[PDB]
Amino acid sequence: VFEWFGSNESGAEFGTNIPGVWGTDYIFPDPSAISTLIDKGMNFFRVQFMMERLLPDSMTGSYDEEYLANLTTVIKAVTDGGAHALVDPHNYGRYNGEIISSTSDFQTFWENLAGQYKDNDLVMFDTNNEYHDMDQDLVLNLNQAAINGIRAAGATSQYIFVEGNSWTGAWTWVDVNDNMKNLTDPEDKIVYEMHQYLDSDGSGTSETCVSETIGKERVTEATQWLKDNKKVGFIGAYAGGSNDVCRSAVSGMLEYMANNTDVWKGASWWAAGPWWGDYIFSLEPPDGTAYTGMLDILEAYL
């Protein structure tokens, strides 16, 4: 049904201590859990990392090469298995607590990072996770700078996932992100990535979904925005509690998207990863709540 369909793999961005230490503060996704999701039919994994850990001096400085290697190990595990890996600096438009306002340093950051993966045609690049509370022109230029840096590295074959303001929410998209339609790419492989949760405030922090139909309701206008501006999109992060109302909401959002695959290239569940424990949305096999409680709904699209 969709071009791409799978899961986020979180953990490398975990914890409050920055840089912090592996095994205590954060961890990398587990290739064998990723293999199990691939065996279920998922062809897409969006792998979270923290910029401050990849780059402990400055945005344009030296890598922590052990952290980079680890990120690369997960990417090779995804791509070796034939799936696309979407590389997600999980940073909210910010670096070291401050809004990234230097388009130039951002462009440089993305040219270096894309340089690491330019030859892996199964890799995809997400410009940044959930920009918010920042100037809308800056968000536009930040995304263009990423595109420009990526292609300047010679990463010319890979799709580039761009995110908007208001936490790239689908439900607020037309209200704030209209200028994002002006992004250009010499290769023409821009995907508009939006997120959508189904609890009352859209924060994705409660199991309760507002209603059976709230998912469809929250992506309708964005769907129409994509059509009217002749772009394609993707739901990079979405979830609902393992309960009957949420199951219908999730089910119904995916069904509506499946009726509009001219614009929706697919979706990724928030989230899998080895340290979610009893997280309400965990899709980590063998016993994540979403893994046992929701996966059947997602398999209709696999």
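Don't overthink the numbering: it's just position in the shown sequence, from 1.
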| item | value |
| --- | --- |
| 76-84 versus 157-165 - greater average Cα B-factor per the deposited record | 76-84 |
| Mean Cα B-factor comparison, 27-35 or 267-275, giving the higher one as deposited | 27-35 |
| Identity of residue with top Cα B-factor, from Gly204, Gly97, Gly93, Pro89 | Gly97 |
| Selection by C-alpha B-factor (highest) of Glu212, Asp126, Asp135, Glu130 | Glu212 |
| Chain-wide C-alpha B factor ranking for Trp4, given as lowest, middle or highest third | middle |
| Record-listed C-alpha B factor of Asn243: chain third | highest |
| Relative C-alpha B-factor of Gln48, binned into the chain's lowest, middle or highest third | lowest |
| Chain third (lowest, middle, highest) by recorded CA B-factor, residue given as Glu13 | lowest |
| Relative C-alpha B-factor of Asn229, binned into the chain's lowest, middle or highest third | middle |
